[PDB]
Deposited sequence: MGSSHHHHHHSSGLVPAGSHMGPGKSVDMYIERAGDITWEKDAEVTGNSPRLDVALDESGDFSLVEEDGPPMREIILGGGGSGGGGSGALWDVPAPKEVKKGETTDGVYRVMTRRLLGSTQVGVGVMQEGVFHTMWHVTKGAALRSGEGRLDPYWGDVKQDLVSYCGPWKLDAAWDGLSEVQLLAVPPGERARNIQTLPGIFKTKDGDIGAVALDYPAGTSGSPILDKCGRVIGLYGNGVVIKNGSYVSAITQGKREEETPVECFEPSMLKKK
């Protein structure tokens, strides 16, 4: 019962909607087959995903193995091979694109204006879209194609 990752596609802004950079599916092997538990972003030799998806478990890309470097359960984030590199943020005004990677389906971008929330430590943005269980961790992009958040977690405001 060891987790692994397969590449799902490139991280680009669709203008009209190893450790290679891109979006990957976080898969887990049961007895008779596999199941997608989440999604993650590989960037600058560091894999990023949500903590609940992997629960700090070691991943596997090809013959090699990726060990977890940092993790925060409160924020529900985890990083592999290095520190958290997704430093981009949402301006809290313009539309964003959810590069959703649902289980057993191709990657697809979707423009949408995320809502606003009244959480404790300031306000946070969120994508009001519905997707299957293992879609968590899918990247949320800005006009520049930079990852400003992960589906499931809120999109940090500037």
query	finding
Deposited positions lacking CA coordinates	1-26, 44-102, 244-273
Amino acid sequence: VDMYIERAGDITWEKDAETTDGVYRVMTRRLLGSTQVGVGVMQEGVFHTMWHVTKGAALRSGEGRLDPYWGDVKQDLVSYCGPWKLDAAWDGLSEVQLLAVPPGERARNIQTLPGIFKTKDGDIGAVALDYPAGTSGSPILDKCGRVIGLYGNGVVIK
From here on, numbers count along this sequence of modelled residues.
query: Which of 55-63 and 119-127 has higher mean CA B factor, as the PDB entry lists it; finding: 119-127
query: 39-47 versus 110-118 - which carries the larger mean C-alpha B factor in the record; finding: 110-118
query: Cα B factor band for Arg146 (lowest, middle or highest third within the chain); finding: middle
query: For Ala17, the third of its chain into which the C-alpha B factor falls; finding: highest
query: CA B-factor placement of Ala100, once the chain's modelled residues are sorted into thirds; finding: lowest
query: B-factor third for the C-alpha atom of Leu31 within its chain; finding: middle
